[PDB]
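The chain contents come next:
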Amino acid sequence: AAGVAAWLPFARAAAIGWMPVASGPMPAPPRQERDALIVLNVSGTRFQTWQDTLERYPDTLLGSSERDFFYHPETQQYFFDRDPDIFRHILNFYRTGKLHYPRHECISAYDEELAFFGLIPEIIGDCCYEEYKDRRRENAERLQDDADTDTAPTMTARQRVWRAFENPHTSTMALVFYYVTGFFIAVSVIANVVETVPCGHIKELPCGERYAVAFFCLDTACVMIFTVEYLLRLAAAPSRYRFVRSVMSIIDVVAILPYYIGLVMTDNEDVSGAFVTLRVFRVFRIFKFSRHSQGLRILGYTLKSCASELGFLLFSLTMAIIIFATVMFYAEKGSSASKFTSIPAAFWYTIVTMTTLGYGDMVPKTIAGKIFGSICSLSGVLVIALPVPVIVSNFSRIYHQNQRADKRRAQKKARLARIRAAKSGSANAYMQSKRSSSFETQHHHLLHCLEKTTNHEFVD
Amino acid sequence: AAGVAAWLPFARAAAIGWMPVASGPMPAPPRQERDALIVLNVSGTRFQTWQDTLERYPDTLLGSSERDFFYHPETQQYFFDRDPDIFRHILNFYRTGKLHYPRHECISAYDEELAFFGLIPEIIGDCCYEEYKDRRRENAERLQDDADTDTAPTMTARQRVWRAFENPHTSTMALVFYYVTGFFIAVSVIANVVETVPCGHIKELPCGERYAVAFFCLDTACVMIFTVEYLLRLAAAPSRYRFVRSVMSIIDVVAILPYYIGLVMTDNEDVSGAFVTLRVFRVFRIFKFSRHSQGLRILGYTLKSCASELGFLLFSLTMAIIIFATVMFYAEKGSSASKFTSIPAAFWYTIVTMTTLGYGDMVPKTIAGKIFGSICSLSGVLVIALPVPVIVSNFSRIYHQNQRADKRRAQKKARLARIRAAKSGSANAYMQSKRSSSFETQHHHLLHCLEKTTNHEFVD
Amino acid sequence: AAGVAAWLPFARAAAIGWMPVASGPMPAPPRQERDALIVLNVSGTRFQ
Amino acid sequence: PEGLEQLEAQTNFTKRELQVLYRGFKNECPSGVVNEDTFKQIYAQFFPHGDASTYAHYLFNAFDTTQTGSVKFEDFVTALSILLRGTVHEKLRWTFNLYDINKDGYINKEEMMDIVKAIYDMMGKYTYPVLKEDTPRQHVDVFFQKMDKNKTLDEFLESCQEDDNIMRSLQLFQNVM
């Protein structure tokens, strides 16, 4: 290739070996023309390299006819107005062939010089390419967060009520709706707690037999409120089908289903098989607090992010539980009064011991069983202690970056304000010239031309 | 030595003291010849040092007759085409004698300049040598991971079936074999769980007396499958003896032994001494999931890496257990109804309390014993809490680097594709010239010579 | 603005499109004067 | 793309002028090509009262011959040379194709309805007459009153040359850059 160009006499010397075993056709040597070093003055700091060094990569700015645009003739040098401490790594590419990334240089300026001089990020050397991508990822994430389009009535009420639904901290109706929804969820779960606990005789009757005539009214009112707010959300979702497919709408549907399911079940016949299941499902309105609290959303995000780690947690936990339950069952079976009747019966003891909980209902009563119980406790500590830090680390990172991102939005609004201030200042500067610099004189002439092509005048 | 060369007049002045106590032999002074500073222009940035400064280390490029190759005569300066901000540390060596490592410079380029100028990494100063090796280790690990030879039928079926065995995610037969092996392991352990638990009268007979006529068939089928897959692995291992010596083959042998051992034992006589032991050993087929799940392999690697830490954990655990058991035994001995009959009996209480498990069946009942029990719990927390983070830290580091390594392989395949694309482009460029730059003209002549020395022509 | 100043001929070329649909008032071009690089020597290291 | 190919060889820029343009051109777009999204950023800076994105979209299409998608430096300069220091004939065809949005060459009072609107739009709403909703149509109506005889390319060329006032406005910027 052209990279190894100084070794051409070596290759030509190697070709001499072909001549004895060849049939000389007069291969017509090209008969070339015949090397002083040239100056590359990148804004004050002159860089000197041989012209043959640059020409070995004839697809970039330095080795091409493109650099003739930057040749400044009277000084007999090429003058670039680029960074002097980043063009140093550009020249090193033309010698070896691998770019080097400076750990102390901003990656948004490093990429600017690579694009300017024709180099590409695909040719950077393997020595520093892992860190180059890592710093490129952070810059890329900065752009994505700053361009999330968080801007927030030319059309119907759907958008102007969805903006209140999505952002309840704005306006005055959105906050009221948020507060009333939270209060209704809290009162529903609290009331459920109340009818579960006894209130009061023939028997210690709970609050669900003598009472629960108004508790049913409260429950159906809460379910009606949930259904109507879900319908209002549906009446303002541009992604209605996709919004239904979202996790929040799924949670809402799961929360609102049990009341109607129970009403349907009790309309025709009545059994207690699905009564306890529906009562259990009724508490699933607790997860509706995800919209209200950012902490629940962050927790869900961090659980979904490290889904593989939880899978390994479950796999290792099941493995250790099975192994230790088998060991304890076969080691503590012949006891006089033993509750280790089976491996599934030893599952409870194993999961109690592994989590360092301890109940004392089932304890080993043999020398063989106690050692394996202690080993089970230690192995449970080891197994649980592995995925705990990664969940907490991801949660902390997500919370910090979602605490950050807020300041990223803040600097964007200030940046737009400065842009608008510059636009207002530029417009005002023209008026001051009209009432009474170098480039400003010509720029105001362009505005003057625009004034008189539409027979209109800018005014304050 | 030559490093302290400016102190020669000092040494010659010191030699004057020998003359009064000497016998003058006319020591024949050398009568030397008789110092302008020279220019070292490393690609634009001129460096100026006295010639005597470079000559004090006459075994490198700068101080030698070797630098006469880089002397550019008409400008009366030495022109090197090397890095200008790394040659700065080369000159500092010729003054003091110790190299300094730049924390902001890539180590693959720093070593390039050291090799170029004749310096060696053994002469770098002690101030920055610990970090130089640390950054050298990371670069060395990058080369090893990128050169692990993960490439994957000119010979018999052994290699083309071992590549399926080693990598079950490729082809279609390897995935089927992987799935069936995993299913068989899972069904074997689940079935074992089933016959351990009672299913059903004269007595609460478990599932192993009335049943377990087909359970034996399932167990022997699983053992036969394990044996035949082990034999197939043996029929494709170039390191057959070493492969057997590997941990995975040892685990396979341990898993497959108990069935044959039990058959041999029951062939002649029958006792229950080894029955429970063999039943316990039967569950050791769980560890066969190491091939299936990368998490098990990572866990094994991280336990093997910090084996010394586990040894210290065990030593401190036994130390604290013995001390606290002795203290509690001698402090809770004279109670009315005390279960602390001995230190081995107090071992159970000590290991329960240290791990913060708690059972309540064996508790101290004296003022002296309760204080030492609380101290035992706190000391157990302290002892266990020391090696837990290092195990988790090593596990996380190993998992991340094996999560990394995958992208290292990905960039290698892309790099080879770019090399092949350049080779195809270079070959295509010659054809375009044949159908119809500076170095390209001479390079195509070499290919033209190669064409006509064998009366053959390259075609598309 | 003044930041994009090398694109003034581009903007002046764009203004040509207004002339067909305009009423030429003789907009009085400024008739400017007419660029060698200068040296900024910040303590030894010259910047051009 | 040589520097000497686009020299005074039907390009009205000298060697030094070409070097100045490329230094400024590559300053904003280092890749050597500028696209429509960037083409509006510089143009909107010269006119901060309103938005010039609407007019820059039509301007970019005139610059972007063959609808490649991105306008290169080689054909960016020849558009500047034609507009700034070009002759009478070359300027009018370039402006005619600027108004001619579609492929075939015709003006029907709807294609340039947006062109005049863009010129009025890029002034914002700050002017003394406070503008109007129908003021772009009045400008188009009077514009057609001087060239549209019955209901083309030949008509546009002869109409501009008939009135010397537009003639002295086209050559406004050839003397200064």
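Draft legend 1. The arrangement of the interface of chain B and chain A in detail. Taken together, the contacts link 70 residues of chain B with 76 residues of chain A. Interface of chain B and chain A: buried area, both sides summed, is about 6,400 Å²; carbon and sulfur atoms make up 67% of it. Broken down residue by residue, the surface that chain B buries against chain A is led by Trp348, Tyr359 and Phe439 of chain B, which jointly contribute 10%. Scanning the region where chain B abuts chain A turns up five salt bridges.

Draft legend 2. Representation of the pairing of strand β1 (residues 37-42) of chain B. Residue and element names in this part refer to chain B. Counting buried positions over the six residues of β1 gives five, a clear majority of the element. Looking at chain direction, β1 and strand β2 (residues 45-50) are connected through six bridges and run antiparallel. If you follow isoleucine 38 over to β2, its bridge partner there is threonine 49. The loop that links β1 with its antiparallel partner β2 comprises two residues; one of these, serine 43, has a positive phi angle of about 60°. Note: β1 against strand β4 (residues 77-80), three bridges, orientation parallel. Residue pairing in the sheet places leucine 40 in a bridge with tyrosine 78 of β4.

Draft legend 3. Focus on the UniProt feature "intramembrane region" in chain A. All names here are of chain A. On the UniProt side, "intramembrane region" is annotated at positions that read residues 344-355 and 356-363 here. Structurally, residues 344-355 is divided into 92% helix and 0% strand, and its ends, taken at the C-alpha atoms, are 17 Å apart. Within residues 356-363, the helical portion is 0% and the strand portion 0%, while the C-alpha atoms at the span's ends are 13 Å from each other.

Draft legend 4. Highlighting a negative patch on the surface. A contiguous patch of negative charge, built from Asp68 of chain A together with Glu2, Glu5 and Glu74 of chain D, is present on the exposed surface. Among the structural elements, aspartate 68 of chain A can be located in the loop between α2 (51-55) and β3 (71-72). Relative accessible area serves as the criterion here: at 32%, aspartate 68 of chain A is assigned to the partly exposed category.

Draft legend 5. Local environment of the packing of helix α12 (residues 294-305) of chain A against helix α16 (residues 387-435) of chain A. Residue and element names in this part refer to chain A. Relative orientation of the contacting elements α12 and α16 amounts to 130°, with a least axis distance of 9 Å. Between α12 and α16, the crossing angle belongs to the class labelled oblique. In this structure, α12 meets α16 at a crossing whose hand is right-handed. Residue-level inspection shows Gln294, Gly295, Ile298, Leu299, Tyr301, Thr302, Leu303 and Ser305 of α12 in contact with α16, the latter providing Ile391, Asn394, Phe395, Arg397, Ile398, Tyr399 and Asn402. Looking at the contact of α12 with α16 residue by residue, the class counts come to eight nonpolar, six polar and one charged.

Draft legend 6. Broad picture of the arrangement of the chains. The assembly contains four pairs of chains in contact; the pair sharing the most contacts is chains A and B. Nothing in chain B touches chain D; the tightest C-alpha to C-alpha distance between them is still 14 Å.

Draft legend 7. Main features of helix α6 (residues 157-166) of chain A. Residues and elements named next belong to chain A. Buried within α6 are the following residues: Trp162, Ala164 and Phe165. All buried residues of α6 lie within an arc of 155° about the axis, which places them on one face of the element. For α6, the elements touching its buried residues are α7 (173-196), α8 (215-234) and α9 (240-245).

Draft legend 8. Highlighting a nonpolar patch on the surface. Residue and element names in this part refer to chain B. Taken together, the side chains of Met224, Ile225, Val228, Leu231, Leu232, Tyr260 and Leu263 present a nonpolar region at the surface, about 580 Å² in accessible area. Looking at the nonpolar patch, the elements with two or more residues in it are α8 (214-234) and α10 (247-267). Per-element accounting of the nonpolar patch gives the leading share, five residues, to α8. Note that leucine 231 resides in helix α8.

The rules behind the values
Residues numbered from 1 in each chain as written, not as in the entry; some residues may be left out. Chains lettered and ligands numbered in written order. Part of a larger assembly, values for the part shown. Heavy atoms only, no water. Contact = heavy atoms within 4.5 Å. Buried area = accessible area lost by both parts, 1.4 Å probe. Salt bridge = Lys/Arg side-chain N within 4 Å of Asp/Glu carboxyl O. Buried < 20%, exposed > 50% of the residue type's maximum accessible area, 1.4 Å probe, protein only. Helix = DSSP H or I, 4+ residues; strand = E, 2+ residues; numbered from the N terminus. Pairing = 2+ DSSP bridges. UniProt positions renumbered as here; feature names shortened; annotations may be inferred. Patch = residues over 30% accessible without salt bridge, like charges linked within 9 Å, V, L, I, M, F, W, Y side chains within 5 Å. Areas by Shrake-Rupley, 256 points an atom, 1.4 Å probe, with all protein chains shown as cover. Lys, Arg positive; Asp, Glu negative; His and termini not counted. Charge placed at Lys NZ, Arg CZ, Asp CG, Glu CD. Axes fitted to C-alpha atoms, helices over the stretch in contact; angles between N-to-C directions. Parallel < 35°, antiparallel > 145°, perpendicular 65-115°, else oblique. Left-handed = near helix turned anticlockwise from the far one by under 90°. Nonpolar A, V, L, I, M, F, W, Y, C, P; charged D, E, K, R; others polar. Arc of directions from axis to C-beta.

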